[PDB]
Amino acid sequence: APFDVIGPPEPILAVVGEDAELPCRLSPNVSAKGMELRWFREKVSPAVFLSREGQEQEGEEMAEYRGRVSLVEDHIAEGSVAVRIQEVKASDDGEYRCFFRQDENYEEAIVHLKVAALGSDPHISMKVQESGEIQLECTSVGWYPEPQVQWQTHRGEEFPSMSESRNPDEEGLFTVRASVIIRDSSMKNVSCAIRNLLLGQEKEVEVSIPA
């Protein structure tokens, strides 16, 4: 083929409920107007998005993409386009392939969509049980992907959970539970941080321990 198709340097990061754009471009930077533009996941057909002869082909698109996909083409005349996916969900996470065809010449590349959701303000439950020992449970809802839990003393010394749980909701978002047993007098405050590693964003909650 007298052209190549280049995908992005890195994964595209997309927040749940927002739109994402999956770009691919021709090399050299020649017009892509009128080419077959196909985005797909596992099977070439049915596709995430299909344009032929400058028209979207809806009947050749997966039913779960129909009506939420569209071609971004501000820059099509120089070979640069994208598929906009509206209202991103957790199931949209993964590898996509972008295929460009003019008659007998075709080429393709890979775009990675990485989906993220940031969950609720964490909460700590305190329960004093068996003689002086304190059990804390930290809870938060709605993270994607699996979020990280970090416990810290007021000084900043991290320590691990005793146990942890993650359970996806109906839309695939994780609820996280983590428990720790505090064995100390001198622990003034303890905090729990829940972090989405993909966004590099966290939330925390501090609690206060009685003598």
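Numbers for residues come from their place in the sequence shown, where the first is 1.
- The stretch 183-191 shows the higher mean C-alpha B-factor when 183-191 is compared against 13-21 in the entry.
- The question of which stretch, 43-51 or 161-169, has the higher mean Cα B factor is settled in favour of 43-51.
- Considering 137, 92, 130, 121 together, the PDB entry gives 130 the largest C-alpha B factor.
- Residue set 156, 147, 142, 34: peak C-alpha B-factor at 156 (per PDB entry).
- Among all modelled residues in its chain, residue 102 ranks in the highest third by Cα B-factor.
- Residue 77 sits in the middle third of its chain by CA B factor, as recorded in the PDB entry.
- Annotation for residue 63: C-alpha temperature factor in the highest third relative to the rest of the modelled chain, per the entry.
- Per the PDB record, residue ranking by Cα B-factor puts residue 111 in the middle third of the chain.
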